[PDB]
Amino acid sequence: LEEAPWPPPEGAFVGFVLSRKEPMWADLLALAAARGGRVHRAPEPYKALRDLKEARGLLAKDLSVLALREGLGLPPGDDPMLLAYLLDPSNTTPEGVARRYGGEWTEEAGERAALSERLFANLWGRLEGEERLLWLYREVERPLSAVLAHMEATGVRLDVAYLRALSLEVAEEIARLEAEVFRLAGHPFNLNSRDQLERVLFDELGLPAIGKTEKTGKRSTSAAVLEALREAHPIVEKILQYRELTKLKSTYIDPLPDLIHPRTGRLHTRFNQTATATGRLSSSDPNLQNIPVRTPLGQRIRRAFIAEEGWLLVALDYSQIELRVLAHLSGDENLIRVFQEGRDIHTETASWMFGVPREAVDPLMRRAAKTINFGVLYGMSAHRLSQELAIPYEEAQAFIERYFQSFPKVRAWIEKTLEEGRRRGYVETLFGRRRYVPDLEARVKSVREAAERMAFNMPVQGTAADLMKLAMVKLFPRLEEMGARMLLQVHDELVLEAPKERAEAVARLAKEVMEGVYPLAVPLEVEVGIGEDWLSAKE
DNA sequence: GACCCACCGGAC
DNA sequence: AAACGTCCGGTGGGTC
Ligand SMILES: Nc1nc2c(ncn2[C@H]2C[C@H](O)[C@@H](COP(=O)(O)NP(=O)(O)OP(=O)(O)O)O2)c(=O)[nH]1
Ligand SMILES: [Mn+2]
Ligand SMILES: [Mn+2]
């Protein structure tokens, strides 16, 4: 490209280099723009940001986030990564997209700007005629990038002193459990090393090996194996407790307080828009979509996510979302009637699992039933189900039979989806988002059947993702006009932050927007709560 | 110091 | 572990 002086003309493609991948923490090392066969390189990147009207190019959202961090309203526009991701969601990184559609991802701003230009032209042309993918781009993914940039730059408040105190308490309990393990083993070793633990459990203590690991064939020490051995030796129960506490301390309690940003005083995740095979978002650096919630200690961690003073958190979460989606996609009359009658299949599975009235189901029980319902739906074996429910093999196989007998149109939909996936090579969501699954025709059965479970999961999970994304796009301008913030997305859940005096109005409105995002053959119901902390808002 | 591999486990 | 799916991250073990 011919070099031309900064600034670039309006509408040019942007290229940029960060000192590190996280835009909230990155130094902007270089900034360039390309257009009309010309490349423009900025003498001072920070100053030159003020010249741009929007971020148009590869990884546009990251540049927009850094602009917001600097107090600049620079919205993200076109991003050929989003085009590539709609054509094939295995298009997840710039390195791969470049090597597929006509360029090379380097470390220089100007080359990245020129690459963004050539890649947009090529990919936009590949979408000519793909009307449904173009609708998803214009109506969901491109506007969604702007919502996500604002969420990333806003962040979430964390009770740091709380988590600091909690680390010290959890350490004390870890030390006691460790001493108990070493004593029950008769000697110390590195309880964090699964190799050392394997030798101690299965060679020294002679416990029976339940299963083996995939690539190296070691005797597994997974929670499931230990669950199976929970009564075969008292040490197992203690190892299960040690694993729980060390997992939560090392992954959440200790690292999260060290990620507070100095200028915002808040914690900033990244919402990756081209990272999953189904159209879900992902979250990283840190992942705020897998914050603990299940166990009592997990709940204490979740309580550390709090509202700014004078604000409240609002948490909203679709009810039984993939089951409602399945009802719509399959057309099963029986499953539809379940939701038109206000029934709860997680509660009903819970009542059967634990043999208690629906009134007696607690959150820990409902979660367990949740895993059963989706485990069975997406192809869990009677063998594993027998082990999860702790019932005879026969009684687990009888549950899988009843489950699908209740909704006969579902297996019919599974087979039509797989058959169409074999013919077309891809499966698709309600909105036409595609996932290519060529192993539906694999000649090795185990491989093929794994591909089948991925293939008919995708329309259900991806439709639910499409609906959530569309709701975010519709809800975001309403929130800005009410003075409220969108903070987090957790797949079928939003966490908002609102002025105390407006929290109730925001909760009501967000619930309506979410439930009415796109009418299906069943109603979408959204559970909403308000609190000073993430856990209390979910109650 | 950066990176990889395998496994293990958090959430939805 | 096992014929649930989708992700990301810590640890040990290892290399360069
Ligand atoms: N395959 C699979 N999908 C899962 C699993 N857990 C969650 N999902 C998928 C399927 C779920 O529909 C979706 C959202 O998860 P939630 O909000 O935690 N549960 P839901 O919406 O069903 O029930 P309610 O909100 O009334 O508590 O994530 C699982 O173990 N397996
Ligand atoms: Mn839900
Ligand atoms: Mn949820």
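Hydrogens, waters and symmetry mates play no part in the numbers below; they use all other heavy atoms, side chains included. Chain letters run A, B, ... following the sequence lines, proteins first and then strands; every chain starts at 1.
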Exercise. When the distance from CD of A:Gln289 to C1' of B:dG9 is rounded to whole Å, what number comes out?
Worked result: 16 Å
Problem set entry | Per A:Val225 side chain, nearest of listed nucleotides B:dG9, B:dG10, C:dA1 | C:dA1
Exercise. Touch check for A:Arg302, heavy atoms < 4.0 angstrom, all strands: base, sugar-phosphate only, or nothing?
Worked result: sugar-phosphate
Exercise. Just by the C1'-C2'-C3'-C4' torsion, is C:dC7 north or south?
Worked result: north
Exercise. Under 4.0 angstrom, heavy atoms only, what part of the nucleic acid is A:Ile291 near: base, sugar-phosphate, or nothing?
Worked result: sugar-phosphate
Exercise. Taking the same atom, P, in C:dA2 and in B:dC8, what whole-Å distance lies between them?
Worked result: 10 Å
For this session: Tell me what A:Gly375 touches on the nucleic acid: a base, only sugar-phosphate, or nothing, going by heavy atoms under 4.0 Å.
Result: base
For this session: Identify whether any heavy atom of A:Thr371 sits under 4.0 Å from a base atom; if not, whether one sits that close to sugar-phosphate; answer base, sugar-phosphate or nothing.
Result: base
For this session: Could you tell me whether the sugar of C:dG10 is north or south, judging only by the sign of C1'-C2'-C3'-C4'?
Result: south
Exercise. Taking CD1 from A:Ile321 and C1' from B:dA11, how many angstroms apart are they, rounded to a whole number?
Worked result: 17 Å
Seminar exercise, completed: Among C:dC4, B:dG9, C:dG13, the one nearest any side-chain atom of A:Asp195 is C:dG13
For this session: Please state whether the phosphate of B:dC8, meaning OP1 or OP2, lies under 4.0 angstrom from any side-chain nitrogen or oxygen of A:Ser220.
Result: yes
For this session: Just compare C:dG5, B:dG9, C:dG13 and give me whichever is closest to any side-chain atom of A:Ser193.
Result: C:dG13
Exercise. Which whole-number value in Å describes the distance from A:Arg366 CZ to B:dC12 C1'?
Worked result: 13 Å
For this session: Please check if the distance between the ring centroids of A:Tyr318 and A:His491 is under 6.0 Å.
Result: no
For this session: Examine the base of C:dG5 for any acceptor or donor lying under 3.5 Å from a partner atom in the side chain of A:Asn457, and report the outcome as yes or no.
Result: no
Exercise. With rounding to whole Å, what would you report as the distance between C:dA1 and B:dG9 at their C1' atoms?
Worked result: 15 Å
Problem set entry | Nearest-nucleotide pick for A:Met380, side chain only, options being B:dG9, C:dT11, C:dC4 | C:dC4
For this session: Start with the C-alpha distance between A:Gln387 and A:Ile210, add both sets of side-chain angles, then the distance that settles side chain to side chain contact (heavy atoms under 4.5 Å, CB included), and finish with yes or no.
Result: CA-CA 12 Å; A:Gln387 296 286 315; A:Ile210 306 300; over 6 Å; no
For this session: Verify the contact: side-chain N or O of A:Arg384 to OP1 or OP2 of C:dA3, cut-off strictly under 4.0 Å; return yes or no.
Result: no
Exercise. Can you find an N or O donor on one side and an acceptor on the other, under 3.5 Å apart, linking the side chain of A:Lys247 with the base of B:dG9?
Worked result: yes
For this session: Mind checking the CG-CD1 spacing from A:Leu207 to A:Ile235? Nearest 0.5 Å is all I need.
Result: 8.5 Å
Problem set entry | For atom CD of A:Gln299 and atom P of B:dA11, their distance in whole Å | 10 Å
Exercise. Hey, does A:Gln461 reach any base, or is it just sugar-phosphate, or nothing, if we go heavy atoms under 4.0 Å?
Worked result: base
Seminar exercise, completed: Rounded to whole Å, CZ of A:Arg219 lies from P of C:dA2 at a distance of 17 Å
Exercise. Has A:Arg194 got a side-chain N or O lying under 4.0 Å from the OP1 or OP2 atom of B:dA6?
Worked result: no
Exercise. Distance only, no hydrogens: is a donor on one side chain within 3.5 Å (strictly under) of an acceptor on the other, for A:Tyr403 and A:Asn373?
Worked result: no
Exercise. Side chain of A:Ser284: nearest nucleotide among C:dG5, B:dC8, C:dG9?
Worked result: C:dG9
For this session: Look only at the side chain of A:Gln289 and the backbone of A:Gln489, and say whether a donor-acceptor pair between them is shorter than 3.5 Å.
Result: yes
Exercise. Of A:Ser381 and A:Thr251, whose nearest nucleotide on DNA chain C comes first from the 5' end?
Worked result: A:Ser381
Exercise. Quick one: A:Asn287 CG to B:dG9 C1', roughly how many Å, whole number?
Worked result: 12 Å
For this session: Spell out yes or no: do the side chain of A:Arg243 and the base of B:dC8 have one donor N/O and one acceptor N/O closer than 3.5 Å?
Result: no
Exercise. What does A:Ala465 touch in the nucleic acid at a heavy-atom separation under 4.0 angstrom: a base, only the sugar-phosphate, or nothing?
Worked result: nothing
Exercise. What about A:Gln387: does its side chain form a donor-acceptor pair under 3.5 Å with the base of C:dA1?
Worked result: yes
Exercise. What interatomic distance, in whole Å, is found between P of B:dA11 and the corresponding atom of C:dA3?
Worked result: 25 Å
For this session: Measure from the side-chain N and O atoms of A:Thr269 to the backbone N and O of A:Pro286, and report whether any donor-acceptor pair falls under 3.5 Å.
Result: yes
For this session: Ignoring backbone atoms, test whether A:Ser282 places a side-chain nitrogen or oxygen under 4.0 Å from the OP1 or OP2 oxygen of C:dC8.
Result: yes
Exercise. C:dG12 phosphate, OP1 or OP2: any side-chain N/O from A:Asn192 under 4.0 angstrom?
Worked result: yes
For this session: Answer with base, sugar-phosphate or nothing: what part of the nucleic acid does A:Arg453 contact at a heavy-atom distance below 4.0 Å?
Result: sugar-phosphate
Exercise. Have A:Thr347 and A:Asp344 got a donor and an acceptor in their side chains that come within less than 3.5 Å?
Worked result: yes
Exercise. Under 4.0 angstrom, heavy atoms only, what part of the nucleic acid is A:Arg435 near: base, sugar-phosphate, or nothing?
Worked result: sugar-phosphate
Exercise. Given atom CG of A:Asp466 and atom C1' of C:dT6, what is their separation to the nearest angstrom?
Worked result: 14 Å
Exercise. Which part of the nucleic acid, if any, lies within contact of A:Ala450, taking any heavy atom under 4.0 Å across all strands shown: a base, the sugar-phosphate backbone alone, or nothing?
Worked result: nothing
Seminar exercise, completed: note: A:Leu385, atom CG; C:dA2, atom P; distance rounded to Å ~ 16 Å
Exercise. Among C:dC4, B:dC8, C:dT6, which nucleotide sits nearest the side chain of A:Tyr378?
Worked result: C:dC4
Exercise. Side-chain N or O of A:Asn190 less than 4.0 angstrom from OP1 or OP2 on C:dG12?
Worked result: yes
Exercise. Can any side-chain N or O of A:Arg434 pair as donor or acceptor with the backbone N or O of A:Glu428 at less than 3.5 Å?
Worked result: no
